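Participant: need the 3D shape of this:
(9 chains)
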Amino acid sequence: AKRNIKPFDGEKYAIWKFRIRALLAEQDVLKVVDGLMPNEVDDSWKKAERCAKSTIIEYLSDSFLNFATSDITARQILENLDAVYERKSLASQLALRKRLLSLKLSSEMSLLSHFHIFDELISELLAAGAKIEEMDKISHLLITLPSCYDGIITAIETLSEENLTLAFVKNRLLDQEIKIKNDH
Amino acid sequence: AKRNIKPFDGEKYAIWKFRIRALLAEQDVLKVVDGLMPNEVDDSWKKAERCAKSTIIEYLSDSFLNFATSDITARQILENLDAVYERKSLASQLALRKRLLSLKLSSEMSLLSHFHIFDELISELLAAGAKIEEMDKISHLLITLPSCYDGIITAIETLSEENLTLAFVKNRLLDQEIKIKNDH
Amino acid sequence: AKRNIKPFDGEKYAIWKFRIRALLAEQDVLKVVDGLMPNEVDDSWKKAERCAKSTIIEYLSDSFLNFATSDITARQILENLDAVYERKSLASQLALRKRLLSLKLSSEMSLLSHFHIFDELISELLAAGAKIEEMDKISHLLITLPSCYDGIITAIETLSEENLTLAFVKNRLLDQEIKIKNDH
Amino acid sequence: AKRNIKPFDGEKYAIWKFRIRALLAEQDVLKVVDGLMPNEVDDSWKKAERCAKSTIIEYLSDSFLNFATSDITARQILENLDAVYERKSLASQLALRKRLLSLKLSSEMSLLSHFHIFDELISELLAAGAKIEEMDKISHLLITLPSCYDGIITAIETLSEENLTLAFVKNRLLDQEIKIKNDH
Amino acid sequence: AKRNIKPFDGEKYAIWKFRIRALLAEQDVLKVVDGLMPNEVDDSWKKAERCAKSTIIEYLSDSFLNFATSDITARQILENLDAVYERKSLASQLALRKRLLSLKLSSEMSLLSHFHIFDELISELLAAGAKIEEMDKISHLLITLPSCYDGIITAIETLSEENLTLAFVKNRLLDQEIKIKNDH
Amino acid sequence: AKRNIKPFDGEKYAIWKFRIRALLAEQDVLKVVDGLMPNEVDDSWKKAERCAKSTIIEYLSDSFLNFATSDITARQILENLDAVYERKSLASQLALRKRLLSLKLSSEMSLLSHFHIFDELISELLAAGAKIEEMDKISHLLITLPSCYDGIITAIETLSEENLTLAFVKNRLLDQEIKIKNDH
Amino acid sequence: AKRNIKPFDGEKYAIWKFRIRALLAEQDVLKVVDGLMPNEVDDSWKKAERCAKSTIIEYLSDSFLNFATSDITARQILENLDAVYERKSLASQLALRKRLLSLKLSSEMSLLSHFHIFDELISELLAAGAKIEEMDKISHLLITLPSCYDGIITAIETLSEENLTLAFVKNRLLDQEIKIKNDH
Amino acid sequence: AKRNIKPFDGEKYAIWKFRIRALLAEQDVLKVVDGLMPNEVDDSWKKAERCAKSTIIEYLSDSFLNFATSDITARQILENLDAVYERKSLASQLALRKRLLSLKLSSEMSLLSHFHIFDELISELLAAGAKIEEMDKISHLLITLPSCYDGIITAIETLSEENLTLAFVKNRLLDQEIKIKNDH
Amino acid sequence: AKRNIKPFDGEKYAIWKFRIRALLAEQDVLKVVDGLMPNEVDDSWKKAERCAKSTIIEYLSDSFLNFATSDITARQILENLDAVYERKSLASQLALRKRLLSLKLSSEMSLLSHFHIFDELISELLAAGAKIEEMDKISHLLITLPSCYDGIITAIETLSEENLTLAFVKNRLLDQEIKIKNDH
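Facilitator: Numbering: from 1, shown residues only, chains lettered A, B, ... in the order given. Please see the structure below:
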C-alpha cells in the first residue's frame, strides 16, 4: 500500500509499529491485532486476519521474516515483536541515560536540531519503561547547554516558579539563541 | 500488487519462497499448495490454480520461467524449485557444519555482518535438510564470538530463565557490542 | 537537654526541625506545637509553651533570633521557619538533579559512603516531592559506577525486572567490590 | 540554666539582651522587667526580682557590673544598659551608613560569614536608632555583592515585592554561589 | 541517660548497637525491639516505642538521620541499620579469613594496637556471619606473633583448655611483652 | 550554684563581694550577712549560716582561706575582708588622686576601655573614703582626654551645671569620637 | 552520675571497681551486687539490676564490652572481671616484686611521693594475693634508698623487732631526709 | 555540693582538708569527724558517716584511694592523712624556724605575696608541734622587712603590746609600702 | 630418746626451749615446770624432777652446764635461762632480708651454690621468727635470677600453677640451666 513505511530492520521499532498500526486502521484491518476474539470465525473475520499478516510480512526485512513462520497469526507476530523489542529493559535504560549525559551543544548544529534530538531521545527513554517528570526532563536538557547559556537559565529559575514547563523553557532558550549568534 | 517480493534470480531462495507463500495465503490460494487434491474439482480450485500459476510466473525471473513453461500446476513448480535449490545432501550438511563451526568474528567486521553470515549459513543448513533447533542455533552463534563477550554469554546461559530466542540473544549481543565500542 | 542538636545556622533545616521536634516530644512538649490550641489555657499549657519557646530560642543561632523577637508562640516560630525553609525552589531542585546526574565514584571512597550519599540524595530529592521509581534509582546508581563494574552490571541487566530490588543490587555490587579490591 | 548566652562584653548587645529576656521568660521572671510594678510586693515578686538580678549579673562580664553596684532592681539595670548601648546618635547612624555602603565582598570570604557581617552591621545600626525596612536591607545587601552575581541580582530585583524577604534572597544567593564555586 | 555512646556515623556499628541496646534495657524498652510485636494498643507500649525512637535518633549522626526520617518503629530502624551494616556475604568472610591468616605483627607496633586490629577483624567477621568460638579466636590470634613469644604461646597451648578466656590470653601476652621489653 | 564568679585573688574585691552577695540573695541566704541576728536561733537560720559560710569558702582562692579558718560566721568573714581590703585610708586615696590626675588616653585604646578604667578608678577611690561629686567626675573625665577633643571639652563646659550628668557627657564624647576616627 | 570514673580499659582494675561500687551504692543500687539474690523478684529489684548493668556497661571501654554481651547480671560481669584481672597468681606478683626492687629514689622527687608510690605498690601487691608482713614492707622500703641514708638504716636495723611499725620508720626517714636536705 | 575543691593529689593538704571540712559542715556531717562517738548510734549517725565517707572518697584523686579502701570511718581516713602529711616533729619545726628567720623581702615581690608566704610558713609551723601566738608572728614579720621600713617598724614596736593585731600591723605596713613606692 | 635437739650453747634459745618443753611433755614431766608445786612431794614428783633435771643437763653444752651445777630444780634452771635469753632477738632480721633481696646470681658461681645460699638465708629468716610462705620463697628465689631463665619462669607460672613447691621449681631451674650452660 503506502511505501512510506520503511521495512523493519530492528531499529526504531516504535515508529514501524505505529506506521503498521496506522496502515492497518487505514484498510479497516487494525481490529485484528487489538480486538475481541469471536467464538466462531466469519468471512468478514477471515480476510483481515490474513490481510494484516501479509501486510506485516510485506514491510519486514528478510532477517525478521522468521517471526511469522506461516503459522503465527498477525496479532501474535506483533505480540512477539513487542515481547522482544518494546520491552522495559534495564540495559536499554542504562544505555539511554549514558548517551543522554553525553549530549553537548556544538556551534555546527542548530539549537532546534538539538531540541529535536533531545526530545526523541527522551521519548525513546520513556518507551524503555522509565518514568521521567517534566522537571527531570528540563534538568536533563539544561546540563547539555554550554557556558553561554548561564544568565538566561538563572533568570528562569529565579523568576519562573509555577510555569516551569518544557515548552516554556524551550521557548525562552530559543528566544535567547539569536542574541548569541549575533554576538558570536 | 506486493512489489516488495524481489523476483527470484537464483539467490536467496528461501525468503523468495516464504514471501510467495505469504502472498498466496493472502489471496485464499495457498490451500491448493498445502493440503490435498479433492476428487470434485470445481471453479474454486480452477481459479485458485490459475491465480497461483499467474503469480508464480509473474514473480519469477524471465530466465527462470523454464520451470513453468509447460502445463504444470503451481504445486509441481514449487516441488521442482525445492528439488533444484533446496537439495537434501548429507555431504552438503557436513560441509556446512564444518564451515559454520570454524566461523569466527573478526575485529574489522561488524556484528551485523557476522549476524547476516550466521543467518545465511543457518538458512543453508535448514535448506540442506538438516534439522536444527533454536537453542542449537544460539549455541552456534555464541561459540563463534570473541572473549570480549564472554560475560554476556555466561549471563545469558545461566542467569536468563525465560524461553530464549534468537532475536533476544542478538539484541543482547548488539547492546554489548555498542557498550564495548564506547569502552574502546 | 539533648546537646547533640546543632543550632540552626541556615543549613539542613529539616534535620534541625526533626531533632527539635524529637526533643520537644521527649519532654512531652510537642503537644503544644502539634495539638490544637485549647479554648481555655491552664498553667500546664502556659508552662509547656514557655518551655517550648525557650528551647527554640536556645537552639537557634544568633543570626536567626529575628524569627523569635516578635511575641509569638513556638507554633508561629516553627510555622515561619517552615514557610521560609520547608519549601524547594526551582534552583534547589535543579541543583539536586544536576548533582544526581553528575554523581561519580571517586577512587578512594568505598561503596558504603557512596551508597550513603546516593541514598541521602534520593531522600532529599524525595523531600522535594519528586516521585522516583526503583528502576530509576537502580539506573542512577549504576551510571555513577566506574568501568571496573562492567561484568556485574551486565549480569544484573539480564535479571527479570520483577525481583530487582535496590538492596539486592547493593549486595551484588559490594560482592564485586570485594573481588576488585582483591584484584589490586 | 542555659549556658549558651555568652557574657556581654560590650559587643552584640542586641543578641545578649534578647537571650537574657528569653531566659527570664523561661523561668517566668520577665514580668519583673516588663510588667508594671505591683502596689504591694509579695514573696513571689521579690523572689522573681532577686532571681532576675542574679541571672543578669551571672551573664554580665565583670567590668560591666558598675551599673548594678547600686542596689537597684534588674529592670533599671536593663534600662540603663539600653540607654548607654541603644542610643539615638545620628553621627553613629551616618558612620555606619558610610561603612555599610563600602562593604565590597572579598574573594577569600564565605557568603555565610558575609551575611553575618551584614546582619551585625544592620542590627547595630538599628541600635543606633536609624530605622531600616526590609527593602532597604535587601538593597544594601545586594549592593555589597561583586559583579559575578549580576544576573541573579537583576532577576531578584525584578521579582515582586511581597515575596521579597532577607532569608529568601539569602537562600537564592547561596544557591547561585553553589554554582559559582562549581563553575571554577 | 548514658553519654558514653558515641553517635553512630558509620564506624564500628557493633559497639554502638550494643550500647544502644544496653541503654534501652536501662529504661526497660528492649521489649519493643525484641518482643514478638505484642501490639495491644497499650499506652505503655506507645510510650516505650516513642522513647526508643527518641533515644535512637538521639545517638545518630546528622548524616544518618535519614534512616529514621520515616515513621518506622525502633525495631524497624535497628533492622535497617543491621541489613546495611551487617551483611551476610560469604565473599567478605573469605577475604576477612585470608587477611587474618596473613596478619602477623609489625616490628615496632605494640601489642595493644595489634590486639585492637585483631579485635576489629574478628568483630567484622562476626558481623559478616561467620560463627567463631573463643577457642577459634585464641587459635587465630596465637598464629600471628613473632618468635620472641614462642615460649608463652607453647605454654598456653599445652594448658588443659576447658575454661580459658581470650582476655586471659591477652593478659598473659601483655605480661610477656612487659618481660621481653627489658631485654630487646 | 553559679560558677561565673571568679575566685577572689586579692584583686578587685568590690565586684567579687557584689557577686557573692547576689548569689547569697538568690538562695535567700543574704539575710545572714545583712539581716540582724535573731535573739533565738532556729534550724533555718543555722542552715542559712552554714550555706553562706560554705559558699564564701568555695568562691575564695586557696591563699585567702585563712580569713575563714577561724570559727566565725559568714558575716564576720565578710567584715574582716572589708576591714582589710576596702579600708578607708588617706595615703591610698591621695595616691589614687595623683594617678587620676596623671591618667591620659592612649591612641590605640578606645573610649570604652578608657571609660571603664575611669569608672573603676573612681569607684575604688570612693571606697577609699574620698567623697566625689558628679561634676568632679565630669572634670576628671574632661581633663584626661587628648588635644583632638578640644572643641568638645570647651563646648561641654559652657553648658549650665544643673543637669549635666555623666551619661550625657559620655554619650557626647562617644559621638565626637566617632567623628574623630573618621578624620584619621 | 559521676563522670570522673575513667572507663576500664585493662589498667588498674581496683580503682575502677571501687569507683563503680561507690557509684552503685550512691544510687542505692549496690545491694544487687553484694546483697543476696531474693527468692522472689519485684519491680524494684529488676530496675536496680538494669540500672547496675547499664552503669557498668557505660563505664566500660569498647574493647572490653565483650564481657557483658551475654545475658548476665552485674554480679556475673564483676566476678568475671575479678577472675580475669585480680586472680592471685605467681606471675602477677612476680612482676610486682621485680618493679618494687627497681623503685629507686630519684634526686628531684621527695620521699613523700616516694612513700606514696611504694604504698600503692604494696597495696596492689596485696591485691595480688601476696600476703606481706609489715616488716617485709619496711625492708622493701629500705632497699630503695640511696647511700645518704646509711646511718639511719644501720640504726633502724639494730632496733628490736617487736613494735617496729612502718609509721615509725617513715617518720625517722623523713627526719633523716630533712637533715640531708639541710646538709646541701 | 561544692565542686571547687581540687582532688587531693598529695600536695597542699591543709587547703584540701579545710575545704573538705567546710563541705562536711555544710551538710551537718562534721559532727562525725569532730564530735565524740555516741554510746548508741542511730540511723542519722549512720547516714552522716556514710555521707562523710562518700564525700571524702569522691574528692580524692585516683592514686589515693588506698587510704579509704579499708573499712575505716572518715575520721580514720582524715587521721591517717594528717599523720602521714602533718607530723608533729621537732626537727621539722627547727628547720622551719631557720627558714622563717631568713625570709627577706625581695624587691620585685610586693607585700601581699610576702604576707601570703609568711602565712603558709606560720601555718606549717603551727601544723607541727610549735606554739606561736600573734605576738611572735608580729615580731617575725617586723624582722622580715628591708631597711626602708625602719621608721614604721620602730613606731609599731613602741605601741603597747595588748591591742596589737595582725590586721592592724599589716594595714600600717601596706600604707607604708604605698608611701615608699612613690619615693622610688 | 629424742636426740634431734641441738644442745643449747647460747643461740636460738626459743627453739631449744620449745623442743625441751615438747620432749618433757612427751615424757609426762612438763607438769613439774608448768604445773603448781604440790603441797606434799610424792615419789612420782621427785622422780619427775630427777628426770627433767637429767634431761635438761643432757641437752646443755658443757659451757652452760654451770646453770645446773647448783642444787636447784629444773624449774629454776629454766627460769634463769629465760631471764637471760627469753626475749633477746636472735639476729637483725632487717639486714637479713636486705641481704636476701640484694642477692644476685653471678656467672662463675653455679646454681647449686645459689640454691644453697638462698636455703640457709630462708633458714635464719624462719628461725628468727619471720613468717614466710612457700609462694614468697618461690618469688624470692625467682627475683634473684638473670634474664636467661625467663622461658622456664613463664613455663612454671603458666603450667605449674597448682603443683608449685620449692623442690619442683629448683629442679626445673637446674634442668634448664643445664641446657643454658650448653648454649655458651
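Participant: which residues touch whichever residue of chain A sits closest to chain B?
Facilitator: Per CB to the nearest CB, the residue of chain A with the smallest distance to chain B is residue A:54, at 3.8 Å. For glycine as for every other residue, the C-beta is placed from the backbone atoms N, C-alpha and C. Under the criterion of CB atoms under 8 Å, 6 or more residues apart in numbering or on different chains, the contact list for residue A:54 reads B:2, B:22, B:23, B:25, B:26.
Participant: which of these are close to chain A?
Facilitator: With respect to chain A, and counting by CB under 8 Å from any CB of the partner chain, the subset of the contacts of residue A:54 in contact is B:2, B:22, B:23, B:25, B:26.
Participant: now render those residues as a markdown table, adding distance to residue B:161, neighbour count and secondary structure.
Facilitator: Supplementary listing: the ones next to chain A among the contacts of residue A:54 in a markdown table, determined by distance: CB to CB, whole Å; neighbours: other CB atoms under 10 Å in any protein chain shown; DSSP: H, G, I helix; E, B strand; the rest coil:
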| residue | distance to residue B:161 | neighbour count | secondary structure |
| --- | --- | --- | --- |
| B:2 | 40 | 16 | coil |
| B:22 | 34 | 23 | helix |
| B:23 | 39 | 22 | helix |
| B:25 | 35 | 18 | helix |
| B:26 | 38 | 19 | helix |
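Participant: which one among those residues gets closest to residue H:112?
Facilitator: When the ones next to chain A among the contacts of residue A:54 are compared for distance to residue H:112 (CB to CB), residue B:22 comes out closest, at 119.9 Å.
Participant: I figured the closest one hits residue A:53, correct?
Facilitator: Yes. Between residue B:22 and residue A:53 there is a contact at 7.1 Å, judged by CB atoms under 8 Å.
Participant: hmm, back to that, of all the ones next to chain A among the contacts of residue A:54, which two lie farthest apart?
Facilitator: B:2 and B:25 (11.9 Å).
Participant: state the distance from the most far-flung residue of chain A relative to its centre to chain H.
Facilitator: For chain A, the C-alpha lying farthest from the average C-alpha position belongs to residue A:40; by CA atoms, centre = their mean, that distance is 37.2 Å. Distance check for residue A:40 against chain H: by CB to the nearest CB, to the nearest Å, it reads 100 Å.
Participant: go on, residue A:7?
Facilitator: From residue A:7 across to chain H, the span is 91 Å (CB to the nearest CB).
Participant: same question, residue A:73
Facilitator: From residue A:73 across to chain H, the span is 92 Å (CB to the nearest CB).
Participant: burial count for that residue?
Facilitator: Residues within reach of residue A:73, counting by other CB atoms under 10 Å in any protein chain shown, total 15.
Participant: contacting residues around it?
Facilitator: Residue A:73 makes contacts with A:32, A:49, A:53, as judged by CB under 8 Å, 6+ apart.
Participant: quick check: the last one is in a helix.
Facilitator: I take that to be residue A:53. Yes. Read with DSSP: H, G, I helix; E, B strand; the rest coil, residue A:53 is one of the residues of a helix.
Participant: is it true that it touches residue A:76?
Facilitator: No. Contact status for residue A:53 versus residue A:76: not in contact, 9.8 Å apart, counting by CB under 8 Å.
Participant: those helices in chain A, which residues are they?
Facilitator: Secondary structure of chain A, counting by DSSP state H: helices at A:13-26, A:44-58, A:74-84, A:90-100, A:111-127, A:134-142, A:151-159, A:166-181.
Participant: and the ones you listed as a markdown table, adding distance to residue B:67?
Facilitator: Written out in a markdown table, the entries for the helices of chain A read as follows (distance: least, CB to CB, whole Å):
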| stretch | distance to residue B:67 |
| --- | --- |
| helix A:13-26 | 34 |
| helix A:44-58 | 24 |
| helix A:74-84 | 31 |
| helix A:90-100 | 47 |
| helix A:111-127 | 47 |
| helix A:134-142 | 60 |
| helix A:151-159 | 70 |
| helix A:166-181 | 61 |
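Participant: closest to residue F:86 out of those helices?
Facilitator: Checking the helices of chain A against residue F:86 by CB to CB gives helix A:151-159 as the closest, at 66.4 Å.
Participant: residues in contact with residue A:177?
Facilitator: For residue A:177, counting by CB under 8 Å, 6+ apart, the contacting residues are residue A:111.
Participant: counting neighbours, what do you get for the residue in chain A that chain E sits nearest to?
Facilitator: Minimum separation of chain A from chain E (CB to the nearest CB) falls at residue A:136, amounting to 21.2 Å. Using other CB under 10 Å, residue A:136 has 21 neighbouring residues.
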